[PDB]
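Here we start with a single chain on its own, the form deposited without the named molecule, put down as structure tokens.
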């Protein structure tokens, strides 16, 4: 499957099966996408949705979040777990208020420099909210690409991570990047699941090596020892 076929297939699927009615998909902005990405990274969507809504109501802009006392932020976070995310969230908001005039930055290096934001989260923020042409590589994406392309290694190894980023870059289009990147996360979350993926429901099933060999359990590699 040529990379142009991969993204065409994924975009066609997203058109007919995607949903873009999550609250961080309505009236999308860099702030909303960042907030949602941080919440989602160690929490399931069903649980995040009411927290997202409460945070957007209490903190309509990144400057409101920055000016709030940290204890109020932690209190609103209560129940999401992994509170280093909340502490980095608040620091990042403060850095946006201080360094960027309260306007969430729209260029990659400035986004990636925020506390709590890595390369994938920065490309997610800018691709999903502004259609900028960046690939992503969260756990969902890693599982889809590692299965399709038979990446055996543990992504905790630098060369394996690098191989996965190269594959992501290869399949990520510029045209329709916001749809493609949302679709890849939705696929990884709902279809290409950690256990017993639903390959018959997958738009990649015709080219996926794991599907061909019923070998999804091999990919990605797990932590060796």
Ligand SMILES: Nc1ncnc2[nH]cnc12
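Residue numbers count along the first chain shown, from 1.
Visitor: Tell me which of 119-127 and 151-159 has the higher mean C-alpha B-factor in the deposited entry.
Guide: Comparing averages over the C-alpha atoms only gives 151-159.
Visitor: Out of 87-95 and 110-118, which one has CA B-factors that are higher on average in the deposited record?
Guide: So the stretch with the higher mean C-alpha B-factor is 110-118.
Visitor: Using the entry's values, work out which of 44, 172, 67, 166 has the largest Cα B factor.
Guide: Max CA B-factor in the entry, restricted to 44, 172, 67, 166: 44.
Visitor: Lowest, middle or highest third: where is residue 53 by Cα B-factor in its chain?
Guide: Within its chain, residue 53 is a middle-third residue by C-alpha B-factor, going by the deposited values.
Visitor: Going by the CA temperature factor in the PDB record, which third of the chain does residue 189 belong to: lowest, middle or highest?
Guide: Residue 189: CA B-factor falls in the highest third of its chain.
Visitor: Sorting the chain's modelled residues by C-alpha B-factor, tell me whether residue 199 ends up in the lowest, middle or highest third.
Guide: For residue 199, the deposited C-alpha B-factor lands in the middle third.
Visitor: Residue 212: which third of its chain by C-alpha temperature factor?
Guide: Its C-alpha B-factor belongs to the highest third of this chain's values.
Visitor: Could you say whether, by C-alpha temperature factor, residue 27 belongs to the lowest, middle or highest third of its chain?
Guide: According to the entry, residue 27 has a C-alpha B-factor in the chain's highest third.
The form deposited with the named molecule bound is left out here; the points below concern that form.
Visitor: Give a yes or no on whether every one of 64, 67 and 96 sits within 4.5 angstroms of the named molecule in the entry with it bound by heavy atom.
Guide: Verified in the entry with it bound; spot residues all out of contact, no.
Visitor: With heavy atoms only and a cut-off of 4.5 Å, decide whether residue 129 touches the named molecule in the entry with it bound.
Guide: Residue-level check for residue 129: no, no contact with the named molecule.
Visitor: Even though the partner isn't displayed, in the entry with it bound is residue 168 close enough to the named molecule, meaning a heavy atom within 4.5 Å?
Guide: Residue-level check for residue 168: no, no contact with the named molecule.
Visitor: With a 4.5 Å heavy atom cut-off, would you call residue 49 a contact of the named molecule in the entry with it bound?
Guide: Residue 49: no contact with the named molecule in the entry with it bound.
Visitor: Could you tell me if residue 174 has a non-hydrogen atom within 4.5 Å of the named molecule in the entry with it bound?
Guide: Flag for residue 174 set to no.
Visitor: Please determine, with the chain shown alone, which of 150-158, 78-86, 134-142, 99-107 has non-hydrogen atoms within 4.5 Å of the named molecule in the entry with it bound.
Guide: Going by heavy atoms within 4.5 Å, the stretch is 134-142.
Visitor: Does any residue in 35-51 get within 4.5 Å of the named molecule in the entry with it bound, counting heavy atoms only, and if so which ones?
Guide: Stretch hits, in order: 37, 40, 45.
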